[PDB]
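Enquirer: The following file, entry_11.txt, comprises compact mmCIF, N, CA, C and O atoms:
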```
# COMPACT_ATOMS: atom_id res chain seq x y z
N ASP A 1 -14.51 -113.31 -104.36
CA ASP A 1 -13.90 -112.04 -104.60
C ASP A 1 -12.68 -111.87 -103.74
O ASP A 1 -11.70 -111.32 -104.20
N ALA A 2 -12.70 -112.34 -102.50
CA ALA A 2 -11.53 -112.20 -101.66
C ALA A 2 -10.44 -113.09 -102.19
O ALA A 2 -9.28 -112.71 -102.19
N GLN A 3 -10.82 -114.27 -102.66
CA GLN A 3 -9.89 -115.22 -103.20
C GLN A 3 -9.38 -114.75 -104.55
O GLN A 3 -8.21 -114.92 -104.84
N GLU A 4 -10.23 -114.14 -105.38
CA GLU A 4 -9.78 -113.64 -106.67
C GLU A 4 -8.91 -112.44 -106.44
O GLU A 4 -7.88 -112.30 -107.09
N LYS A 5 -9.31 -111.58 -105.51
CA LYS A 5 -8.51 -110.44 -105.19
C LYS A 5 -7.23 -110.93 -104.60
O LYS A 5 -6.20 -110.34 -104.83
N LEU A 6 -7.26 -112.02 -103.84
CA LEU A 6 -6.06 -112.62 -103.31
C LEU A 6 -5.19 -113.13 -104.42
O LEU A 6 -3.99 -112.91 -104.41
N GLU A 7 -5.75 -113.78 -105.42
CA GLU A 7 -4.88 -114.24 -106.48
C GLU A 7 -4.29 -113.03 -107.18
O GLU A 7 -3.11 -113.03 -107.51
N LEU A 8 -5.09 -111.98 -107.33
CA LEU A 8 -4.66 -110.76 -107.99
C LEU A 8 -3.81 -109.89 -107.10
O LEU A 8 -2.98 -109.15 -107.61
N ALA A 9 -4.02 -109.92 -105.79
CA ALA A 9 -3.24 -109.14 -104.84
C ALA A 9 -1.93 -109.82 -104.66
O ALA A 9 -0.91 -109.18 -104.46
N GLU A 10 -1.95 -111.15 -104.69
CA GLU A 10 -0.75 -111.91 -104.58
C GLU A 10 -0.03 -111.75 -105.89
O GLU A 10 1.19 -111.63 -105.90
N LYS A 11 -0.76 -111.73 -107.01
CA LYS A 11 -0.12 -111.51 -108.27
C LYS A 11 0.45 -110.12 -108.26
O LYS A 11 1.61 -109.95 -108.56
N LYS A 12 -0.33 -109.13 -107.84
CA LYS A 12 0.13 -107.76 -107.78
C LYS A 12 1.32 -107.68 -106.87
O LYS A 12 2.22 -106.90 -107.13
N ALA A 13 1.30 -108.41 -105.76
CA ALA A 13 2.40 -108.45 -104.83
C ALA A 13 3.59 -109.09 -105.46
O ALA A 13 4.71 -108.67 -105.21
N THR A 14 3.35 -110.11 -106.26
CA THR A 14 4.38 -110.83 -106.96
C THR A 14 4.97 -109.94 -108.01
O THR A 14 6.18 -109.95 -108.20
N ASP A 15 4.13 -109.19 -108.70
CA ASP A 15 4.54 -108.30 -109.74
C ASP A 15 5.23 -107.12 -109.13
O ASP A 15 6.24 -106.68 -109.66
N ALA A 16 4.71 -106.63 -108.01
CA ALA A 16 5.31 -105.51 -107.31
C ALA A 16 6.62 -105.95 -106.73
O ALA A 16 7.58 -105.21 -106.78
N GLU A 17 6.69 -107.18 -106.24
CA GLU A 17 7.91 -107.71 -105.69
C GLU A 17 8.86 -108.00 -106.83
O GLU A 17 10.06 -107.85 -106.67
N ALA A 18 8.33 -108.46 -107.96
CA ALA A 18 9.13 -108.72 -109.13
C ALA A 18 9.69 -107.41 -109.61
O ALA A 18 10.83 -107.37 -110.05
N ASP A 19 8.89 -106.34 -109.50
CA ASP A 19 9.37 -105.04 -109.86
C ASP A 19 10.37 -104.65 -108.83
O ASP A 19 11.44 -104.23 -109.20
N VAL A 20 10.17 -104.95 -107.56
CA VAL A 20 11.21 -104.60 -106.62
C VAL A 20 12.47 -105.34 -107.00
O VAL A 20 13.54 -104.75 -106.95
N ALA A 21 12.39 -106.62 -107.34
CA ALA A 21 13.56 -107.38 -107.73
C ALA A 21 14.22 -106.83 -108.99
O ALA A 21 15.45 -106.72 -109.03
N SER A 22 13.43 -106.41 -109.99
CA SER A 22 13.96 -105.85 -111.22
C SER A 22 14.58 -104.53 -110.91
O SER A 22 15.63 -104.17 -111.46
N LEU A 23 13.97 -103.84 -109.99
CA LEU A 23 14.39 -102.56 -109.55
C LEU A 23 15.56 -102.70 -108.60
O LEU A 23 16.36 -101.78 -108.52
N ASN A 24 15.69 -103.83 -107.90
CA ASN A 24 16.83 -104.04 -107.02
C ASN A 24 18.00 -104.20 -107.94
O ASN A 24 19.09 -103.72 -107.65
N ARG A 25 17.76 -104.85 -109.08
CA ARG A 25 18.78 -105.00 -110.07
C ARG A 25 19.06 -103.64 -110.68
O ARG A 25 20.21 -103.24 -110.77
N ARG A 26 18.02 -102.84 -110.96
CA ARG A 26 18.29 -101.51 -111.49
C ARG A 26 19.11 -100.73 -110.50
O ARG A 26 20.02 -100.02 -110.94
N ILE A 27 18.85 -100.85 -109.19
CA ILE A 27 19.68 -100.19 -108.19
C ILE A 27 21.05 -100.71 -108.18
O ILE A 27 21.99 -99.95 -108.20
N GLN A 28 21.24 -102.01 -108.18
CA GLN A 28 22.61 -102.43 -108.07
C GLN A 28 23.37 -102.00 -109.31
O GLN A 28 24.51 -101.56 -109.22
N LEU A 29 22.73 -102.05 -110.46
CA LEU A 29 23.38 -101.69 -111.68
C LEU A 29 23.65 -100.20 -111.76
O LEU A 29 24.74 -99.80 -112.16
N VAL A 30 22.69 -99.38 -111.35
CA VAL A 30 22.87 -97.95 -111.43
C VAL A 30 23.75 -97.46 -110.29
O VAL A 30 24.42 -96.45 -110.45
N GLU A 31 23.68 -98.16 -109.16
CA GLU A 31 24.46 -97.83 -107.99
C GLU A 31 25.92 -98.05 -108.34
O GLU A 31 26.77 -97.20 -108.07
N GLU A 32 26.21 -99.19 -108.95
CA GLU A 32 27.56 -99.47 -109.34
C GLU A 32 27.97 -98.50 -110.42
O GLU A 32 29.06 -97.95 -110.35
N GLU A 33 27.07 -98.19 -111.37
CA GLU A 33 27.44 -97.24 -112.39
C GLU A 33 27.66 -95.88 -111.79
O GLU A 33 28.55 -95.18 -112.25
N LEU A 34 26.92 -95.51 -110.75
CA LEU A 34 27.17 -94.25 -110.10
C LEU A 34 28.50 -94.29 -109.38
O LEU A 34 29.27 -93.35 -109.52
N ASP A 35 28.83 -95.36 -108.67
CA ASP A 35 30.13 -95.38 -107.99
C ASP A 35 31.23 -95.27 -109.03
O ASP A 35 32.26 -94.63 -108.80
N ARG A 36 31.01 -95.91 -110.17
CA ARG A 36 31.95 -95.90 -111.26
C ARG A 36 31.99 -94.54 -111.91
O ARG A 36 33.06 -94.08 -112.28
N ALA A 37 30.83 -93.88 -112.04
CA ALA A 37 30.74 -92.56 -112.63
C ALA A 37 31.39 -91.55 -111.74
O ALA A 37 32.00 -90.61 -112.24
N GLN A 38 31.28 -91.74 -110.44
CA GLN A 38 31.91 -90.88 -109.47
C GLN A 38 33.40 -91.07 -109.56
O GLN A 38 34.15 -90.11 -109.43
N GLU A 39 33.83 -92.31 -109.81
CA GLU A 39 35.24 -92.59 -109.99
C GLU A 39 35.71 -92.02 -111.32
O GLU A 39 36.81 -91.50 -111.41
N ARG A 40 34.87 -92.11 -112.37
CA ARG A 40 35.20 -91.56 -113.69
C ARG A 40 35.28 -90.06 -113.60
O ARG A 40 36.14 -89.44 -114.22
N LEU A 41 34.37 -89.48 -112.82
CA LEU A 41 34.32 -88.07 -112.60
C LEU A 41 35.53 -87.67 -111.82
O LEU A 41 36.22 -86.74 -112.21
N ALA A 42 35.84 -88.41 -110.76
CA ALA A 42 37.01 -88.11 -110.00
C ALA A 42 38.22 -88.24 -110.87
O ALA A 42 39.11 -87.42 -110.78
N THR A 43 38.23 -89.23 -111.76
CA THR A 43 39.35 -89.44 -112.64
C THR A 43 39.50 -88.28 -113.59
O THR A 43 40.61 -87.79 -113.78
N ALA A 44 38.40 -87.82 -114.19
CA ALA A 44 38.46 -86.71 -115.12
C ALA A 44 38.93 -85.47 -114.40
O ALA A 44 39.74 -84.72 -114.93
N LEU A 45 38.47 -85.30 -113.16
CA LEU A 45 38.83 -84.17 -112.35
C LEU A 45 40.26 -84.27 -111.87
O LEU A 45 40.93 -83.26 -111.78
N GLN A 46 40.74 -85.47 -111.58
CA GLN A 46 42.12 -85.66 -111.17
C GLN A 46 43.01 -85.41 -112.36
O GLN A 46 44.08 -84.84 -112.21
N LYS A 47 42.56 -85.84 -113.54
CA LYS A 47 43.30 -85.58 -114.75
C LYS A 47 43.29 -84.10 -115.00
O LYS A 47 44.28 -83.56 -115.46
N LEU A 48 42.17 -83.45 -114.69
CA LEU A 48 42.02 -82.02 -114.84
C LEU A 48 43.00 -81.38 -113.91
O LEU A 48 43.68 -80.44 -114.29
N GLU A 49 43.08 -81.86 -112.67
CA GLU A 49 44.01 -81.28 -111.73
C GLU A 49 45.42 -81.45 -112.22
O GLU A 49 46.20 -80.51 -112.13
N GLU A 50 45.75 -82.61 -112.79
CA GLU A 50 47.09 -82.85 -113.29
C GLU A 50 47.36 -82.05 -114.56
O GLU A 50 48.49 -81.62 -114.78
N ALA A 51 46.36 -81.91 -115.41
CA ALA A 51 46.47 -81.17 -116.65
C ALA A 51 46.54 -79.69 -116.36
O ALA A 51 47.29 -78.97 -117.01
N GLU A 52 45.76 -79.26 -115.38
CA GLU A 52 45.74 -77.87 -114.97
C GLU A 52 47.07 -77.61 -114.28
O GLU A 52 47.70 -76.57 -114.48
N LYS A 53 47.50 -78.57 -113.46
CA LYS A 53 48.76 -78.47 -112.78
C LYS A 53 49.84 -78.42 -113.83
O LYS A 53 50.82 -77.70 -113.65
N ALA A 54 49.71 -79.22 -114.89
CA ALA A 54 50.67 -79.19 -115.97
C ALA A 54 50.62 -77.83 -116.59
O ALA A 54 51.65 -77.29 -116.94
N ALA A 55 49.42 -77.26 -116.72
CA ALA A 55 49.27 -75.93 -117.26
C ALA A 55 49.92 -74.92 -116.38
O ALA A 55 50.50 -73.97 -116.88
N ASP B 1 48.33 -76.98 -123.06
CA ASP B 1 48.81 -76.80 -124.41
C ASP B 1 49.02 -75.33 -124.68
O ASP B 1 49.92 -74.97 -125.42
N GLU B 2 48.20 -74.46 -124.12
CA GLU B 2 48.33 -73.03 -124.30
C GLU B 2 49.57 -72.57 -123.59
O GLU B 2 50.30 -71.73 -124.10
N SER B 3 49.81 -73.14 -122.41
CA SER B 3 50.95 -72.82 -121.59
C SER B 3 52.19 -73.43 -122.19
O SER B 3 53.24 -72.79 -122.18
N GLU B 4 52.08 -74.62 -122.79
CA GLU B 4 53.20 -75.30 -123.43
C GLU B 4 53.52 -74.57 -124.72
O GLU B 4 54.69 -74.37 -125.05
N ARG B 5 52.48 -74.18 -125.48
CA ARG B 5 52.66 -73.41 -126.71
C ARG B 5 53.16 -72.07 -126.32
O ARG B 5 53.95 -71.47 -127.04
N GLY B 6 52.70 -71.58 -125.17
CA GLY B 6 53.12 -70.34 -124.61
C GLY B 6 54.59 -70.48 -124.44
O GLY B 6 55.33 -69.66 -124.94
N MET B 7 55.05 -71.56 -123.79
CA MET B 7 56.47 -71.73 -123.64
C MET B 7 57.17 -71.90 -124.96
O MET B 7 58.23 -71.34 -125.14
N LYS B 8 56.62 -72.60 -125.92
CA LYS B 8 57.35 -72.74 -127.17
C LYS B 8 57.53 -71.41 -127.86
O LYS B 8 58.63 -71.10 -128.34
N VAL B 9 56.49 -70.58 -127.86
CA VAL B 9 56.55 -69.28 -128.48
C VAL B 9 57.43 -68.37 -127.67
O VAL B 9 58.22 -67.64 -128.24
N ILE B 10 57.24 -68.38 -126.36
CA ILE B 10 57.97 -67.57 -125.41
C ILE B 10 59.39 -68.01 -125.27
O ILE B 10 60.24 -67.18 -125.05
N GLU B 11 59.65 -69.30 -125.26
CA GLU B 11 61.01 -69.78 -125.14
C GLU B 11 61.72 -69.42 -126.40
O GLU B 11 62.86 -68.95 -126.34
N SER B 12 61.05 -69.60 -127.55
CA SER B 12 61.66 -69.26 -128.80
C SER B 12 61.83 -67.77 -128.83
O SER B 12 62.88 -67.29 -129.25
N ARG B 13 60.83 -67.03 -128.35
CA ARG B 13 60.87 -65.59 -128.29
C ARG B 13 61.90 -65.15 -127.30
O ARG B 13 62.63 -64.21 -127.56
N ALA B 14 61.98 -65.82 -126.15
CA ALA B 14 62.95 -65.47 -125.14
C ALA B 14 64.30 -65.66 -125.75
O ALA B 14 65.18 -64.85 -125.52
N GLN B 15 64.46 -66.70 -126.58
CA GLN B 15 65.71 -66.90 -127.27
C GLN B 15 65.89 -65.82 -128.32
O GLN B 15 66.98 -65.30 -128.46
N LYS B 16 64.83 -65.42 -129.02
CA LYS B 16 64.95 -64.35 -130.01
C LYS B 16 65.37 -63.09 -129.31
O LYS B 16 66.14 -62.31 -129.85
N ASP B 17 64.86 -62.88 -128.10
CA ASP B 17 65.17 -61.73 -127.31
C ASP B 17 66.57 -61.88 -126.79
O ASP B 17 67.29 -60.89 -126.75
N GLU B 18 66.99 -63.09 -126.43
CA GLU B 18 68.35 -63.35 -126.00
C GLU B 18 69.28 -63.03 -127.14
O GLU B 18 70.38 -62.53 -126.91
N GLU B 19 68.88 -63.38 -128.36
CA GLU B 19 69.66 -63.13 -129.55
C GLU B 19 69.66 -61.66 -129.87
O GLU B 19 70.70 -61.11 -130.15
N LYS B 20 68.52 -60.97 -129.79
CA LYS B 20 68.50 -59.55 -130.06
C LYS B 20 69.33 -58.84 -129.03
O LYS B 20 70.03 -57.89 -129.35
N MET B 21 69.25 -59.31 -127.79
CA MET B 21 70.00 -58.80 -126.67
C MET B 21 71.47 -59.06 -126.94
O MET B 21 72.27 -58.14 -126.89
N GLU B 22 71.84 -60.30 -127.32
CA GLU B 22 73.21 -60.62 -127.63
C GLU B 22 73.69 -59.75 -128.77
O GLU B 22 74.83 -59.31 -128.77
N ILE B 23 72.83 -59.51 -129.75
CA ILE B 23 73.14 -58.66 -130.87
C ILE B 23 73.36 -57.25 -130.40
O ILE B 23 74.31 -56.63 -130.85
N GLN B 24 72.51 -56.73 -129.51
CA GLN B 24 72.74 -55.40 -128.99
C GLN B 24 74.00 -55.38 -128.17
O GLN B 24 74.70 -54.38 -128.17
N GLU B 25 74.33 -56.48 -127.47
CA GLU B 25 75.57 -56.54 -126.72
C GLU B 25 76.73 -56.52 -127.67
O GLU B 25 77.70 -55.80 -127.47
N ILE B 26 76.65 -57.29 -128.74
CA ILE B 26 77.73 -57.33 -129.69
C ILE B 26 77.87 -56.00 -130.34
O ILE B 26 78.98 -55.50 -130.45
N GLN B 27 76.77 -55.42 -130.77
CA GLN B 27 76.79 -54.15 -131.43
C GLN B 27 77.22 -53.03 -130.52
O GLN B 27 77.94 -52.15 -130.96
N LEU B 28 76.80 -53.04 -129.24
CA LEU B 28 77.21 -51.95 -128.38
C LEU B 28 78.64 -52.17 -128.09
O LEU B 28 79.34 -51.20 -127.86
N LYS B 29 79.10 -53.43 -128.03
CA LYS B 29 80.49 -53.66 -127.77
C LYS B 29 81.28 -53.26 -128.97
O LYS B 29 82.29 -52.60 -128.81
N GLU B 30 80.81 -53.53 -130.18
CA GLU B 30 81.56 -53.10 -131.33
C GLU B 30 81.60 -51.60 -131.34
O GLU B 30 82.66 -51.03 -131.53
N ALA B 31 80.46 -50.96 -131.06
CA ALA B 31 80.35 -49.53 -131.02
C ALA B 31 81.16 -48.98 -129.88
O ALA B 31 81.74 -47.91 -130.00
N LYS B 32 81.22 -49.72 -128.79
CA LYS B 32 81.97 -49.34 -127.63
C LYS B 32 83.41 -49.46 -127.94
O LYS B 32 84.17 -48.65 -127.46
N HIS B 33 83.79 -50.46 -128.72
CA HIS B 33 85.17 -50.66 -129.07
C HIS B 33 85.51 -49.59 -130.07
O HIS B 33 86.64 -49.10 -130.08
N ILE B 34 84.55 -49.18 -130.91
CA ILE B 34 84.81 -48.09 -131.81
C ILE B 34 85.04 -46.91 -130.93
O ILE B 34 85.95 -46.15 -131.17
N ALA B 35 84.19 -46.72 -129.92
CA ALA B 35 84.34 -45.66 -128.95
C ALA B 35 85.64 -45.80 -128.19
O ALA B 35 86.28 -44.81 -127.92
N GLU B 36 86.09 -47.01 -127.86
CA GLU B 36 87.35 -47.13 -127.17
C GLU B 36 88.44 -46.64 -128.07
O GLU B 36 89.31 -45.89 -127.62
N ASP B 37 88.36 -46.96 -129.36
CA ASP B 37 89.35 -46.52 -130.31
C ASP B 37 89.08 -45.10 -130.74
O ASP B 37 89.99 -44.38 -131.06
N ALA B 38 87.84 -44.69 -130.81
CA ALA B 38 87.55 -43.34 -131.23
C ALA B 38 88.00 -42.41 -130.13
O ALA B 38 88.52 -41.32 -130.40
N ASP B 39 87.84 -42.85 -128.89
CA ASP B 39 88.24 -42.12 -127.70
C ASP B 39 89.74 -42.23 -127.56
O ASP B 39 90.38 -41.26 -127.19
N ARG B 40 90.29 -43.39 -127.89
CA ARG B 40 91.73 -43.59 -127.82
C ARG B 40 92.39 -42.69 -128.86
O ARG B 40 93.37 -42.01 -128.57
N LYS B 41 91.83 -42.70 -130.07
CA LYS B 41 92.34 -41.88 -131.15
C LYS B 41 92.17 -40.45 -130.75
O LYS B 41 93.08 -39.66 -130.97
N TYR B 42 91.02 -40.11 -130.13
CA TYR B 42 90.80 -38.77 -129.63
C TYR B 42 91.89 -38.43 -128.67
O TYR B 42 92.47 -37.37 -128.79
N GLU B 43 92.18 -39.31 -127.72
CA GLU B 43 93.24 -39.09 -126.77
C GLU B 43 94.56 -38.92 -127.48
O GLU B 43 95.34 -38.07 -127.11
N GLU B 44 94.84 -39.71 -128.51
CA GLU B 44 96.11 -39.53 -129.19
C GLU B 44 96.18 -38.16 -129.83
O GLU B 44 97.20 -37.50 -129.71
N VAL B 45 95.11 -37.71 -130.46
CA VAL B 45 95.17 -36.40 -131.08
C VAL B 45 95.06 -35.28 -130.07
O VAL B 45 95.61 -34.22 -130.29
N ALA B 46 94.30 -35.49 -129.01
CA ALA B 46 94.14 -34.54 -127.95
C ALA B 46 95.43 -34.40 -127.18
O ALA B 46 95.81 -33.31 -126.79
N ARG B 47 96.13 -35.52 -126.99
CA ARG B 47 97.40 -35.53 -126.32
C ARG B 47 98.39 -34.89 -127.23
O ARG B 47 99.18 -34.07 -126.78
N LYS B 48 98.36 -35.25 -128.51
CA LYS B 48 99.24 -34.64 -129.46
C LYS B 48 98.88 -33.20 -129.56
O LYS B 48 99.76 -32.40 -129.78
N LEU B 49 97.61 -32.84 -129.41
CA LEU B 49 97.26 -31.45 -129.46
C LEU B 49 97.91 -30.79 -128.29
O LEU B 49 98.57 -29.79 -128.46
N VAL B 50 97.85 -31.37 -127.11
CA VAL B 50 98.51 -30.76 -125.98
C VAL B 50 99.99 -30.62 -126.23
O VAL B 50 100.58 -29.62 -125.85
N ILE B 51 100.61 -31.65 -126.80
CA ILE B 51 102.03 -31.59 -127.08
C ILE B 51 102.31 -30.53 -128.12
O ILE B 51 103.21 -29.73 -127.92
N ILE B 52 101.54 -30.51 -129.18
CA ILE B 52 101.62 -29.58 -130.28
C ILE B 52 101.24 -28.18 -129.82
O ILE B 52 101.80 -27.22 -130.32
N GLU B 53 100.24 -28.05 -128.95
CA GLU B 53 99.89 -26.77 -128.36
C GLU B 53 101.00 -26.34 -127.48
O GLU B 53 101.35 -25.18 -127.48
N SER B 54 101.61 -27.27 -126.74
CA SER B 54 102.70 -26.90 -125.89
C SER B 54 103.84 -26.48 -126.78
O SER B 54 104.51 -25.50 -126.51
N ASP B 55 104.04 -27.19 -127.88
CA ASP B 55 105.11 -26.85 -128.77
C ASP B 55 104.77 -25.54 -129.42
O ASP B 55 105.67 -24.75 -129.67
```
Show the structure stored in the file as structure tokens.

Expert:
Amino acid sequence: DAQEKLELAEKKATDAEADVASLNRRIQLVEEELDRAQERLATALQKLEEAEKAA
Amino acid sequence: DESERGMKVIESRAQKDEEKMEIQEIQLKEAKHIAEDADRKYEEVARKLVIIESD
């Protein structure tokens, strides 16, 4: 049972770590998309400032 | 666009107002010139009246 739980705990650890790795990818991907979204937002807002300024 | 349309309407309107203004200037000047001559003619008859009254 300790060994089976070990295979399963190690599997769970592997799966949890695999999820951390998939999730590390989700972070890098969403993190970059957020930095980009913040830049897109800043861009829209800068355009807004220029358009409003134009107004 | 509202401000730009504002300017197109307003600039055109400002020009329409410049034109109405120019028209009132032309008309008051024509009327004023009529008045210069109406007053001048008045002076000629008023002066002649004085001469004729004196006579």

Enquirer: Chain B residues within 7 Å of chain A, counting all atoms listed in the file: which ones, as a list in words?

Expert: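 Matching residues, ligands excluded from the count: residues 1, 2, 3 and 4 of chain B.
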
Enquirer: Between atom N of residue 35 in chain B and CA of residue 23 in chain B, what distance in Å does the model show, to one decimal?

Expert: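 The value is 16.3 Å.
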
Enquirer: One decimal, in Å: what's the spacing between CA of residue 46 in chain A and CA of residue 29 in chain A?

Expert: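 Taking CA of residue 46 in chain A and CA of residue 29 in chain A, their separation equals 24.7 Å.
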